[PDB]
>>> print(open('start-v7.pdb').read())   # PDB, C-alpha atoms
MODEL        1
ATOM      1  CA  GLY X  28       8.669-107.415 -27.203
ATOM      2  CA  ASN X  29       5.669-109.356 -28.517
ATOM      3  CA  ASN X  30       3.314-107.564 -30.940
ATOM      4  CA  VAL X  31       1.092-110.445 -32.089
ATOM      5  CA  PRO X  32      -2.686-110.017 -31.387
ATOM      6  CA  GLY X  33      -4.190-111.879 -28.448
ATOM      7  CA  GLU X  34      -7.800-113.029 -28.051
ATOM      8  CA  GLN X  35     -10.638-110.466 -28.172
ATOM      9  CA  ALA X  36     -10.769-108.612 -24.888
ATOM     10  CA  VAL X  37     -13.064-106.203 -23.086
ATOM     11  CA  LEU X  38     -11.273-103.305 -21.385
ATOM     12  CA  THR X  39     -13.076-100.946 -18.992
ATOM     13  CA  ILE X  40     -11.216 -97.635 -18.648
ATOM     14  CA  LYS X  41     -11.914 -95.377 -15.664
ATOM     15  CA  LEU X  42     -10.545 -91.820 -15.569
ATOM     16  CA  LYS X  43      -9.755 -90.077 -12.290
ATOM     17  CA  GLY X  44      -7.726 -87.224 -10.865
ATOM     18  CA  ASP X  45      -4.198 -87.205  -9.455
ATOM     19  CA  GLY X  46      -4.911 -86.019  -5.869
ATOM     20  CA  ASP X  47      -4.533 -87.480  -2.318
ATOM     21  CA  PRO X  57       1.413 -79.878   1.702
ATOM     22  CA  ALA X  58       0.090 -76.986  -0.480
ATOM     23  CA  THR X  59      -2.544 -78.126  -3.052
ATOM     24  CA  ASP X  60      -4.601 -76.165  -5.677
ATOM     25  CA  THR X  61      -7.483 -78.551  -6.541
ATOM     26  CA  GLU X  62      -8.937 -77.661  -9.948
ATOM     27  CA  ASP X  63     -12.290 -79.106 -11.106
ATOM     28  CA  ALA X  64     -11.295 -79.782 -14.686
ATOM     29  CA  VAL X  65     -13.874 -80.633 -17.271
ATOM     30  CA  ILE X  66     -13.108 -83.556 -19.611
ATOM     31  CA  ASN X  67     -14.542 -82.355 -22.921
ATOM     32  CA  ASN X  68     -13.133 -85.355 -24.840
ATOM     33  CA  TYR X  69     -10.263 -87.825 -24.637
ATOM     34  CA  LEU X  70      -8.253 -90.431 -26.568
ATOM     35  CA  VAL X  71      -7.266 -93.887 -25.286
ATOM     36  CA  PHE X  72      -4.237 -95.628 -26.852
ATOM     37  CA  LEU X  73      -3.598 -99.302 -26.124
ATOM     38  CA  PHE X  74      -0.190-100.870 -26.810
ATOM     39  CA  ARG X  75       1.206-104.384 -26.902
ATOM     40  CA  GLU X  76       4.481-105.452 -25.109
ATOM     41  CA  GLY X  77       6.517-104.579 -28.226
ATOM     42  CA  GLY X  78       4.954-101.123 -28.644
ATOM     43  CA  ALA X  79       2.462-101.891 -31.462
ATOM     44  CA  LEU X  80      -1.064-100.426 -31.266
ATOM     45  CA  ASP X  81      -3.393-103.156 -29.954
ATOM     46  CA  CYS X  82      -6.249-101.490 -31.883
ATOM     47  CA  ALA X  83      -7.143 -98.075 -33.378
ATOM     48  CA  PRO X  84      -7.292 -95.274 -30.699
ATOM     49  CA  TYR X  85     -10.588 -94.812 -28.841
ATOM     50  CA  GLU X  86     -12.304 -91.426 -29.146
ATOM     51  CA  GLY X  87     -14.140 -90.519 -25.926
ATOM     52  CA  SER X  88     -16.629 -87.718 -25.278
ATOM     53  CA  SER X  89     -17.350 -85.800 -22.007
ATOM     54  CA  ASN X  90     -17.196 -88.690 -19.495
ATOM     55  CA  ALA X  91     -14.763 -90.656 -17.256
ATOM     56  CA  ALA X  92     -15.549 -94.280 -18.358
ATOM     57  CA  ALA X  93     -14.992 -96.185 -21.670
ATOM     58  CA  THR X  94     -15.754 -99.807 -22.706
ATOM     59  CA  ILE X  95     -13.281-100.864 -25.414
ATOM     60  CA  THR X  96     -14.003-104.132 -27.280
ATOM     61  CA  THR X  97     -11.777-103.720 -30.380
ATOM     62  CA  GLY X  98      -8.579-104.673 -28.510
ATOM     63  CA  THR X  99      -7.031-107.940 -27.407
ATOM     64  CA  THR X 100      -5.437-109.784 -24.453
ATOM     65  CA  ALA X 101      -2.089-108.594 -25.913
ATOM     66  CA  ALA X 102      -2.715-105.009 -24.553
ATOM     67  CA  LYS X 103      -0.057-104.116 -21.899
ATOM     68  CA  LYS X 104      -0.275-100.292 -21.554
ATOM     69  CA  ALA X 105      -3.061 -97.710 -21.743
ATOM     70  CA  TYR X 106      -2.309 -94.018 -22.378
ATOM     71  CA  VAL X 107      -4.981 -91.333 -22.091
ATOM     72  CA  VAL X 108      -4.872 -87.761 -23.399
ATOM     73  CA  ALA X 109      -7.817 -85.468 -22.610
ATOM     74  CA  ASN X 110      -9.041 -82.261 -24.270
ATOM     75  CA  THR X 111      -7.030 -82.239 -27.510
ATOM     76  CA  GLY X 112     -10.214 -82.824 -29.602
ATOM     77  CA  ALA X 113     -10.953 -85.229 -32.501
ATOM     78  CA  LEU X 114      -8.306 -87.786 -33.453
ATOM     79  CA  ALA X 115      -8.328 -87.036 -37.261
ATOM     80  CA  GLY X 116      -6.105 -84.102 -38.251
ATOM     81  CA  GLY X 117      -5.091 -83.756 -34.577
ATOM     82  CA  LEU X 118      -1.762 -84.106 -32.748
ATOM     83  CA  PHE X 119      -2.083 -87.902 -32.487
ATOM     84  CA  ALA X 120      -3.412 -88.744 -36.013
ATOM     85  CA  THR X 121      -0.033 -90.252 -37.169
ATOM     86  CA  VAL X 122       0.704 -92.271 -33.949
ATOM     87  CA  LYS X 123       1.396 -95.912 -34.962
ATOM     88  CA  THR X 124       3.479 -97.104 -32.000
ATOM     89  CA  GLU X 125       4.186 -96.416 -28.327
ATOM     90  CA  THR X 126       7.513 -94.755 -29.352
ATOM     91  CA  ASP X 127       5.450 -92.356 -31.572
ATOM     92  CA  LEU X 128       2.988 -91.448 -28.839
ATOM     93  CA  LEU X 129       5.781 -90.807 -26.283
ATOM     94  CA  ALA X 130       7.290 -88.186 -28.645
ATOM     95  CA  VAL X 131       4.053 -86.230 -29.426
ATOM     96  CA  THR X 132       4.164 -82.551 -28.345
ATOM     97  CA  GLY X 133       1.527 -79.816 -28.514
ATOM     98  CA  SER X 134       2.097 -76.049 -28.672
ATOM     99  CA  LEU X 135       1.052 -73.543 -26.060
ATOM    100  CA  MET X 136      -0.601 -71.414 -28.784
ATOM    101  CA  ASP X 137      -2.786 -72.275 -31.755
ATOM    102  CA  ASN X 138      -1.475 -71.546 -35.344
ATOM    103  CA  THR X 139      -2.303 -67.791 -35.068
ATOM    104  CA  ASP X 140       0.328 -67.696 -32.181
ATOM    105  CA  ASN X 141      -2.035 -65.337 -30.266
ATOM    106  CA  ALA X 142      -4.625 -67.714 -28.764
ATOM    107  CA  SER X 143      -3.744 -70.358 -26.132
ATOM    108  CA  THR X 144      -4.508 -74.062 -26.496
ATOM    109  CA  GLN X 145      -5.027 -73.930 -22.675
ATOM    110  CA  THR X 146      -8.247 -72.266 -21.418
ATOM    111  CA  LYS X 147     -10.142 -72.459 -18.092
ATOM    112  CA  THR X 148     -12.756 -74.645 -19.886
ATOM    113  CA  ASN X 149     -10.192 -76.839 -21.793
ATOM    114  CA  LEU X 150      -6.986 -77.945 -20.140
ATOM    115  CA  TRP X 151      -4.856 -80.758 -21.612
ATOM    116  CA  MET X 152      -4.460 -83.756 -19.250
ATOM    117  CA  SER X 153      -2.664 -87.018 -19.667
ATOM    118  CA  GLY X 154      -1.999 -90.250 -17.825
ATOM    119  CA  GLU X 155      -1.064 -93.892 -18.313
ATOM    120  CA  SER X 156      -1.536 -97.298 -16.715
ATOM    121  CA  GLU X 157      -0.485-100.930 -16.979
ATOM    122  CA  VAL X 158      -3.166-103.300 -18.419
ATOM    123  CA  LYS X 159      -3.600-106.617 -16.495
ATOM    124  CA  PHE X 160      -5.744-109.603 -17.558
ATOM    125  CA  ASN X 161      -4.355-112.424 -15.275
ATOM    126  CA  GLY X 162      -5.145-115.151 -17.880
ATOM    127  CA  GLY X 163      -8.625-113.737 -18.555
ATOM    128  CA  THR X 164     -10.221-111.728 -21.371
ATOM    129  CA  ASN X 165     -11.448-108.851 -19.158
ATOM    130  CA  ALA X 166      -9.483-105.953 -17.755
ATOM    131  CA  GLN X 167     -10.323-103.029 -15.463
ATOM    132  CA  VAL X 168      -7.939-100.063 -16.008
ATOM    133  CA  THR X 169      -7.888 -96.866 -13.884
ATOM    134  CA  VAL X 170      -5.895 -93.932 -15.317
ATOM    135  CA  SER X 171      -4.984 -90.932 -13.153
ATOM    136  CA  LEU X 172      -4.851 -87.718 -15.193
ATOM    137  CA  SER X 173      -2.487 -84.805 -14.564
ATOM    138  CA  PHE X 174      -2.345 -81.356 -16.171
ATOM    139  CA  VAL X 175       0.178 -80.957 -18.974
ATOM    140  CA  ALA X 176       0.491 -77.220 -18.168
ATOM    141  CA  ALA X 177       1.424 -75.170 -15.075
ATOM    142  CA  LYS X 178      -0.610 -72.224 -13.796
ATOM    143  CA  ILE X 179       0.844 -68.855 -12.678
ATOM    144  CA  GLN X 180      -1.314 -66.417 -10.621
ATOM    145  CA  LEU X 181      -0.397 -62.794  -9.852
ATOM    146  CA  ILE X 182      -1.328 -60.867  -6.658
ATOM    147  CA  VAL X 183      -0.334 -57.160  -6.729
ATOM    148  CA  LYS X 184      -0.044 -55.130  -3.491
ATOM    149  CA  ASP X 185       0.522 -51.587  -4.696
ATOM    150  CA  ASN X 186       2.032 -49.232  -2.052
ATOM    151  CA  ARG X 187       3.508 -46.770  -4.572
ATOM    152  CA  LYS X 188       2.457 -43.153  -3.982
ATOM    153  CA  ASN X 189       1.975 -40.178  -6.334
ATOM    154  CA  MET X 190       2.140 -42.209  -9.551
ATOM    155  CA  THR X 191       0.533 -39.270 -11.460
ATOM    156  CA  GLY X 192       0.530 -35.476 -11.102
ATOM    157  CA  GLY X 193       4.273 -35.178 -10.348
ATOM    158  CA  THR X 194       7.505 -34.687 -12.352
ATOM    159  CA  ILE X 195       7.811 -38.458 -12.799
ATOM    160  CA  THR X 196       4.743 -40.385 -13.831
ATOM    161  CA  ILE X 197       4.237 -44.142 -14.118
ATOM    162  CA  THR X 198       1.288 -45.741 -15.876
ATOM    163  CA  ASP X 199       0.976 -49.522 -15.538
ATOM    164  CA  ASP X 200       0.143 -51.119 -18.908
ATOM    165  CA  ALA X 201      -0.051 -54.898 -18.523
ATOM    166  CA  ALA X 202       0.710 -58.059 -16.584
ATOM    167  CA  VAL X 203       2.916 -60.010 -19.012
ATOM    168  CA  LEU X 204       4.450 -63.480 -19.249
ATOM    169  CA  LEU X 205       7.817 -63.537 -20.958
ATOM    170  CA  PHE X 206       9.334 -66.709 -22.443
ATOM    171  CA  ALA X 207       6.502 -69.145 -21.853
ATOM    172  CA  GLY X 208       7.755 -72.611 -22.934
ATOM    173  CA  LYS X 209       6.295 -73.474 -26.366
ATOM    174  CA  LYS X 210       6.299 -77.326 -26.112
ATOM    175  CA  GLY X 211       3.796 -79.324 -24.112
ATOM    176  CA  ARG X 212       4.931 -82.927 -23.710
ATOM    177  CA  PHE X 213       2.124 -85.299 -22.900
ATOM    178  CA  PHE X 214       4.428 -88.194 -21.923
ATOM    179  CA  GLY X 215       8.116 -88.748 -21.415
ATOM    180  CA  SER X 216      10.458 -88.059 -18.565
ATOM    181  CA  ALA X 217      10.112 -85.276 -16.035
ATOM    182  CA  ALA X 218      13.376 -83.781 -17.494
ATOM    183  CA  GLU X 219      12.021 -83.798 -21.093
ATOM    184  CA  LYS X 220       8.791 -82.019 -19.971
ATOM    185  CA  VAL X 221      10.739 -78.921 -18.720
ATOM    186  CA  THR X 222      13.242 -78.616 -21.609
ATOM    187  CA  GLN X 223      12.524 -75.715 -24.002
ATOM    188  CA  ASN X 224      14.363 -74.086 -26.874
ATOM    189  CA  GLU X 225      11.291 -72.227 -28.319
ATOM    190  CA  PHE X 226       9.089 -69.744 -26.491
ATOM    191  CA  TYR X 227       6.183 -67.344 -26.657
ATOM    192  CA  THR X 228       6.424 -63.871 -25.104
ATOM    193  CA  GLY X 229       3.807 -61.235 -24.177
ATOM    194  CA  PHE X 230       6.088 -58.235 -24.774
ATOM    195  CA  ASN X 231       9.456 -57.827 -26.511
ATOM    196  CA  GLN X 232       9.841 -54.029 -27.144
ATOM    197  CA  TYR X 233      12.709 -53.515 -24.646
ATOM    198  CA  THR X 234      16.498 -53.277 -25.267
ATOM    199  CA  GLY X 235      18.381 -56.601 -25.673
ATOM    200  CA  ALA X 236      15.324 -58.849 -25.483
ATOM    201  CA  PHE X 237      16.180 -62.550 -25.880
ATOM    202  CA  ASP X 238      14.880 -63.499 -29.327
ATOM    203  CA  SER X 239      16.238 -66.984 -30.245
ATOM    204  CA  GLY X 240      13.177 -69.085 -31.194
ATOM    205  CA  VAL X 241      10.807 -66.516 -29.629
ATOM    206  CA  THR X 242       7.297 -65.674 -30.954
ATOM    207  CA  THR X 243       5.117 -62.831 -29.601
ATOM    208  CA  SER X 244       1.663 -63.754 -28.278
ATOM    209  CA  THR X 245      -1.064 -61.306 -27.266
ATOM    210  CA  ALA X 246      -2.479 -64.095 -25.022
ATOM    211  CA  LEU X 247       0.533 -63.434 -22.714
ATOM    212  CA  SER X 248      -0.370 -59.784 -21.991
ATOM    213  CA  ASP X 249      -3.345 -58.765 -19.782
ATOM    214  CA  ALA X 250      -4.074 -55.015 -19.836
ATOM    215  CA  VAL X 251      -4.099 -53.020 -16.588
ATOM    216  CA  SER X 252      -6.744 -50.329 -16.126
ATOM    217  CA  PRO X 253      -6.852 -47.442 -13.572
ATOM    218  CA  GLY X 254      -8.243 -48.834 -10.315
ATOM    219  CA  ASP X 255      -7.078 -52.456 -10.955
ATOM    220  CA  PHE X 256      -4.005 -52.138  -8.679
ATOM    221  CA  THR X 257      -4.577 -51.101  -5.043
ATOM    222  CA  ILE X 258      -3.055 -51.796  -1.565
ATOM    223  CA  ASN X 259      -5.083 -55.029  -2.019
ATOM    224  CA  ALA X 260      -5.307 -55.879   1.731
ATOM    225  CA  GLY X 261      -7.409 -58.949   0.752
ATOM    226  CA  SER X 262      -4.658 -60.428  -1.574
ATOM    227  CA  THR X 263      -7.080 -60.814  -4.506
ATOM    228  CA  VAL X 264      -5.609 -62.334  -7.720
ATOM    229  CA  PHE X 265      -5.268 -59.947 -10.699
ATOM    230  CA  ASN X 266      -4.855 -62.612 -13.425
ATOM    231  CA  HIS X 267      -3.385 -66.002 -14.233
ATOM    232  CA  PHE X 268      -1.535 -67.588 -17.175
ATOM    233  CA  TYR X 269      -1.198 -71.194 -18.290
ATOM    234  CA  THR X 270       2.243 -72.165 -19.523
ATOM    235  CA  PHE X 271       4.375 -75.205 -20.132
ATOM    236  CA  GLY X 272       7.389 -76.624 -18.206
ATOM    237  CA  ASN X 273      10.569 -74.572 -18.341
ATOM    238  CA  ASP X 274      13.763 -75.333 -16.308
ATOM    239  CA  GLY X 275      15.226 -72.131 -17.741
ATOM    240  CA  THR X 276      18.443 -73.805 -18.951
ATOM    241  CA  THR X 277      17.909 -71.964 -22.300
ATOM    242  CA  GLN X 278      15.805 -69.012 -21.071
ATOM    243  CA  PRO X 279      13.746 -68.820 -17.867
ATOM    244  CA  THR X 280      10.116 -67.790 -17.849
ATOM    245  CA  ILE X 281       9.506 -64.286 -16.379
ATOM    246  CA  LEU X 282       6.298 -62.826 -14.910
ATOM    247  CA  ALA X 283       6.184 -59.021 -14.867
ATOM    248  CA  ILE X 284       4.147 -55.887 -14.537
ATOM    249  CA  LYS X 285       5.053 -53.819 -17.645
ATOM    250  CA  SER X 286       4.610 -50.061 -17.213
ATOM    251  CA  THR X 287       5.475 -46.775 -18.922
ATOM    252  CA  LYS X 288       7.628 -44.233 -17.064
ATOM    253  CA  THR X 289       7.493 -40.594 -18.267
ATOM    254  CA  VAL X 290      10.115 -38.022 -17.163
ATOM    255  CA  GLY X 291       9.993 -34.730 -19.032
ATOM    256  CA  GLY X 292      10.104 -35.492 -22.767
ATOM    257  CA  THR X 293      11.017 -39.178 -22.377
ATOM    258  CA  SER X 294       8.699 -42.213 -22.033
ATOM    259  CA  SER X 295      10.224 -45.666 -21.644
ATOM    260  CA  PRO X 296       9.122 -49.185 -20.682
ATOM    261  CA  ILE X 297       9.833 -50.327 -17.100
ATOM    262  CA  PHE X 298       9.181 -53.653 -15.438
ATOM    263  CA  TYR X 299       8.443 -55.125 -11.993
ATOM    264  CA  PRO X 300       9.573 -58.695 -12.740
ATOM    265  CA  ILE X 301      10.130 -62.137 -11.228
ATOM    266  CA  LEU X 302      12.448 -64.680 -12.910
ATOM    267  CA  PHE X 303      11.474 -68.348 -12.550
ATOM    268  CA  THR X 304      15.035 -69.457 -11.740
ATOM    269  CA  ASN X 305      16.497 -71.280  -8.738
ATOM    270  CA  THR X 306      18.272 -68.036  -7.598
ATOM    271  CA  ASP X 307      15.397 -65.489  -8.038
ATOM    272  CA  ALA X 308      11.929 -67.065  -7.544
ATOM    273  CA  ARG X 309      13.661 -70.212  -6.064
ATOM    274  CA  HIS X 310      11.386 -72.106  -8.521
ATOM    275  CA  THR X 311      11.521 -73.017 -12.164
ATOM    276  CA  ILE X 312       8.279 -73.971 -13.949
ATOM    277  CA  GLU X 313       7.056 -77.572 -13.666
ATOM    278  CA  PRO X 314       3.942 -79.131 -15.235
ATOM    279  CA  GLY X 315       1.135 -79.810 -12.771
ATOM    280  CA  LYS X 316       2.173 -77.018 -10.377
ATOM    281  CA  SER X 317       0.269 -73.865  -9.491
ATOM    282  CA  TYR X 318       2.454 -70.810  -8.667
ATOM    283  CA  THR X 319       1.230 -67.849  -6.693
ATOM    284  CA  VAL X 320       3.329 -64.711  -7.177
ATOM    285  CA  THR X 321       2.729 -61.804  -4.736
ATOM    286  CA  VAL X 322       4.410 -58.555  -5.820
ATOM    287  CA  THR X 323       4.486 -55.702  -3.249
ATOM    288  CA  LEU X 324       5.474 -52.374  -4.814
ATOM    289  CA  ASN X 325       6.460 -49.250  -2.894
ATOM    290  CA  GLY X 326       8.077 -45.829  -3.302
ATOM    291  CA  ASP X 327       7.042 -42.206  -3.901
ATOM    292  CA  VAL X 328       6.924 -42.174  -7.724
ATOM    293  CA  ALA X 329       6.768 -38.339  -8.160
ATOM    294  CA  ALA X 330       9.937 -38.217  -5.944
ATOM    295  CA  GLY X 331      11.922 -40.887  -7.925
ATOM    296  CA  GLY X 332      10.970 -44.038  -6.011
ATOM    297  CA  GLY X 333       9.111 -47.168  -7.186
ATOM    298  CA  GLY X 334      10.670 -47.095 -10.689
ATOM    299  CA  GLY X 335      11.171 -50.821 -11.388
ATOM    300  CA  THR X 336      13.823 -51.951 -13.902
ATOM    301  CA  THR X 337      14.562 -51.316 -17.594
ATOM    302  CA  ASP X 338      15.727 -54.966 -18.105
ATOM    303  CA  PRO X 339      13.276 -57.653 -16.981
ATOM    304  CA  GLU X 340      15.734 -60.434 -17.988
ATOM    305  CA  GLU X 341      18.260 -59.415 -15.257
ATOM    306  CA  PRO X 342      17.452 -60.091 -11.541
ATOM    307  CA  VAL X 343      16.267 -57.100  -9.487
ATOM    308  CA  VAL X 344      17.850 -56.173  -6.143
ATOM    309  CA  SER X 345      15.736 -53.263  -4.766
ATOM    310  CA  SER X 346      13.651 -52.288  -1.689
ATOM    311  CA  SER X 347      10.914 -50.966  -4.074
ATOM    312  CA  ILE X 348       9.961 -54.527  -5.239
ATOM    313  CA  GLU X 349       9.183 -57.361  -2.764
ATOM    314  CA  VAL X 350       8.247 -60.730  -4.322
ATOM    315  CA  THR X 351       7.090 -64.026  -2.788
ATOM    316  CA  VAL X 352       6.650 -67.130  -4.948
ATOM    317  CA  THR X 353       4.907 -70.200  -3.633
ATOM    318  CA  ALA X 354       4.291 -73.436  -5.511
ATOM    319  CA  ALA X 355       1.419 -75.832  -4.895
ATOM    320  CA  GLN X 356       0.490 -79.124  -6.499
ATOM    321  CA  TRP X 357      -2.060 -78.347  -9.248
ATOM    322  CA  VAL X 358      -4.472 -81.265  -8.786
ATOM    323  CA  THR X 359      -6.975 -82.366 -11.422
ATOM    324  CA  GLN X 360     -10.513 -83.101 -10.265
ATOM    325  CA  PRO X 361     -11.928 -84.387 -13.633
ATOM    326  CA  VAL X 362     -15.663 -83.710 -14.126
ATOM    327  CA  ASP X 363     -18.192 -84.459 -16.953
TER     328      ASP X 363
ENDMDL
END
>>> encode(input="start-v7.pdb", output="structure tokens")
Amino acid sequence: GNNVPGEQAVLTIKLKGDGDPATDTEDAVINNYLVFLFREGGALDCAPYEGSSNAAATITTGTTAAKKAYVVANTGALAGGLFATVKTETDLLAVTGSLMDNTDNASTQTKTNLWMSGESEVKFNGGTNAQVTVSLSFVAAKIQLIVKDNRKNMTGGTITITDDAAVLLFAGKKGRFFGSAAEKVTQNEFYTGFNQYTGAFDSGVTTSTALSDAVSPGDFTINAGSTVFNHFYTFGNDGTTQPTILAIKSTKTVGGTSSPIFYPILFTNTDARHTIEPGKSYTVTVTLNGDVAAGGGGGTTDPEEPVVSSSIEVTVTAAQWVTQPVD
């Protein structure tokens, strides 16, 4: 492929969403973005463009040799960032970001800053001017939890259960901005919100407090209105190494023994009937029942093994998580 510079060009880049069948449309703010332009042979056509909080850029440092435009939003300044050493298209296609910052306990993904990426062909048709529209998609997936609690006598009896947290176990660590759909869901490193249970999977696993949301008395009710308790952002995970698991983690006390118990859902084809894909929004409804004081509604000791019980009813639905980029 040709990598020689062409004549000076003017490129107008327009950023838009990936919308237009269950759909979760998310108004996502573009805080900043980077635009990479590449020639036919993969060379940079010019230094990457650093954009602010907008959806339009005029690039005049490039040439008529530009063939592809890649856009990454909300990763911050170019220098010292994930893309600072990108020299070619092959380099950019391999860049990955982590789900957590270097403390391991704070997410790179927040409601006010979600990574988005997209790409487009650049066409000049013999001219020196090009109009390029790039549709952005979320790099992450979103998981929401709805709890319908029909358990009775959780306190006051012989057996007591105290719910402690909604936790995400084995969140995929790697966020691929580009590459194949298969590459985006392959993981061999993970973060986990809780790991103090017998036989917890630990190969390439790091604990993260960002993957545990505390439960307080009064938070869980019959919830006739199906209100959402919390949500987590995570990356793609086909579960071929370890599936992602959403659970309620609780403490069961019987006489002189307290132990962790779980009300979990495995994101596998056989349990949830869904693995985790980027750009999807999962709604998990967990209906709990049983007379706790009488031995019912006790969950499971191993959240990594599928649960077959009348006491836990789980529905998992997946919707397209659509970007609606705003300034």
>>> resolve_selection(input="start-v7.pdb", expression="the PyMOL selection byres ((chain X and resi 253-270) around 7)", output="ChimeraX atom specification")
/X:135,145,176-186,207-208,251-252,271-272
>>> atom_distance(input="start-v7.pdb", atom1="CA of residue 118 in chain X", atom2="CA of residue 79 in chain X")
18.3 Å
>>> closest_residue(input="start-v7.pdb", among="X:346, X:57, X:327, X:62", to="residue 190 in chain X", atoms="all atoms listed in the file")
X:327
>>> closest_atom_pairs(input="start-v7.pdb", of="range 90-127 of chain X", to="range 147-158 of chain X", cutoff="12 Å", atoms="all atoms listed in the file", output="JSON lines")
{"residue": "X:98", "atom": "CA", "partner": "X:158", "partner_atom": "CA", "distance": 11.5}
{"residue": "X:99", "atom": "CA", "partner": "X:158", "partner_atom": "CA", "distance": 10.8}
{"residue": "X:100", "atom": "CA", "partner": "X:158", "partner_atom": "CA", "distance": 9.1}
{"residue": "X:101", "atom": "CA", "partner": "X:158", "partner_atom": "CA", "distance": 9.2}
{"residue": "X:102", "atom": "CA", "partner": "X:158", "partner_atom": "CA", "distance": 6.4}
{"residue": "X:103", "atom": "CA", "partner": "X:158", "partner_atom": "CA", "distance": 4.7}
{"residue": "X:104", "atom": "CA", "partner": "X:157", "partner_atom": "CA", "distance": 4.6}
{"residue": "X:105", "atom": "CA", "partner": "X:156", "partner_atom": "CA", "distance": 5.3}
{"residue": "X:106", "atom": "CA", "partner": "X:155", "partner_atom": "CA", "distance": 4.3}
{"residue": "X:107", "atom": "CA", "partner": "X:154", "partner_atom": "CA", "distance": 5.3}
{"residue": "X:108", "atom": "CA", "partner": "X:153", "partner_atom": "CA", "distance": 4.4}
{"residue": "X:109", "atom": "CA", "partner": "X:152", "partner_atom": "CA", "distance": 5.0}
{"residue": "X:110", "atom": "CA", "partner": "X:151", "partner_atom": "CA", "distance": 5.2}
{"residue": "X:111", "atom": "CA", "partner": "X:151", "partner_atom": "CA", "distance": 6.5}
{"residue": "X:112", "atom": "CA", "partner": "X:149", "partner_atom": "CA", "distance": 9.8}
{"residue": "X:125", "atom": "CA", "partner": "X:155", "partner_atom": "CA", "distance": 11.6}
>>> closest_residue(input="start-v7.pdb", among="X:80, X:92, X:114, X:282", to="residue 167 in chain X", atoms="all atoms listed in the file")
X:92
>>> atom_distance(input="start-v7.pdb", atom1="CA of residue 45 in chain X", atom2="CA of residue 130 in chain X")
22.4 Å
>>> closest_residue(input="start-v7.pdb", among="X:198, X:287, X:222, X:39", to="residue 164 in chain X", atoms="all atoms listed in the file")
X:39
>>> resolve_selection(input="start-v7.pdb", expression="the PyMOL selection byres ((chain X and resi 238-245) around 6)", output="list in words")
residues 140, 141, 225, 226, 227, 228, 229, 237, 246, 247 and 248 of chain X
>>> write_last_selection(input="start-v7.pdb", atoms="C-alpha atoms", output="tab-separated table (two decimals), keeping the file's coordinate frame")
chain	number	residue	atom	x	y	z
X	140	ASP	CA	0.33	-67.70	-32.18
X	141	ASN	CA	-2.04	-65.34	-30.27
X	225	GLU	CA	11.29	-72.23	-28.32
X	226	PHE	CA	9.09	-69.74	-26.49
X	227	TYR	CA	6.18	-67.34	-26.66
X	228	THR	CA	6.42	-63.87	-25.10
X	229	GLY	CA	3.81	-61.24	-24.18
X	237	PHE	CA	16.18	-62.55	-25.88
X	246	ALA	CA	-2.48	-64.10	-25.02
X	247	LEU	CA	0.53	-63.43	-22.71
X	248	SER	CA	-0.37	-59.78	-21.99
>>> axis_aligned_box(input="start-v7.pdb", around="range 314-330 of chain X", padding_each_side="3 Å", output="JSON")
{"center_x": 5.1, "center_y": -59.0, "center_z": -9.1, "size_x": 15.7, "size_y": 47.6, "size_z": 18.3}
>>> atom_distance(input="start-v7.pdb", atom1="CA of residue 43 in chain X", atom2="CA of residue 171 in chain X")
4.9 Å
>>> resolve_selection(input="start-v7.pdb", expression="the PyMOL selection byres ((chain X and resi 87) around 7)", output="JSON, numbers by chain")
{"X": [68, 69, 70, 85, 86, 88, 89]}
>>> closest_residue(input="start-v7.pdb", among="X:360, X:348, X:329, X:316", to="residue 58 in chain X", atoms="all atoms listed in the file")
X:316
>>> residues_around(input="start-v7.pdb", residues="residue 219 in chain X", least_positions_apart="6", cutoff="12 Å", atoms="only C-alpha atoms", output="number ranges by chain")
X: 129-132, 210-213, 271-274, 313-314
>>> residues_near_point(input="start-v7.pdb", point="(11.5, -51.4, -26.0)", cutoff="8 Å", atoms="all atoms listed in the file", output="PyMOL selection string")
chain X and resi 231-234+295-296
>>> closest_residue(input="start-v7.pdb", among="X:144, X:165, X:59, X:294", to="residue 35 in chain X", atoms="only C-alpha atoms")
X:165
>>> decode(input="start-v7.pdb", residues="range 349-353 of chain X", atoms="N, CA, C and O atoms", output="CSV table (one decimal), in the first residue's frame")
chain,number,residue,atom,x,y,z
X,349,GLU,N,-35.0,-16.5,41.0
X,349,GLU,CA,-35.5,-16.4,39.6
X,349,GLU,C,-34.8,-15.3,39.0
X,349,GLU,O,-34.8,-14.2,39.5
X,350,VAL,N,-34.2,-15.5,37.8
X,350,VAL,CA,-33.4,-14.5,37.1
X,350,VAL,C,-33.8,-14.3,35.7
X,350,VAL,O,-34.0,-15.4,35.0
X,351,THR,N,-34.0,-13.1,35.2
X,351,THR,CA,-34.3,-12.8,33.8
X,351,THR,C,-33.2,-11.9,33.3
X,351,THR,O,-32.8,-11.0,34.1
X,352,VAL,N,-32.6,-12.1,32.2
X,352,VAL,CA,-31.6,-11.3,31.6
X,352,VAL,C,-32.0,-10.9,30.2
X,352,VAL,O,-32.3,-11.7,29.4
X,353,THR,N,-32.1,-9.6,30.0
X,353,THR,CA,-32.4,-9.1,28.7
X,353,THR,C,-31.3,-8.2,28.2
X,353,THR,O,-30.6,-7.6,29.0
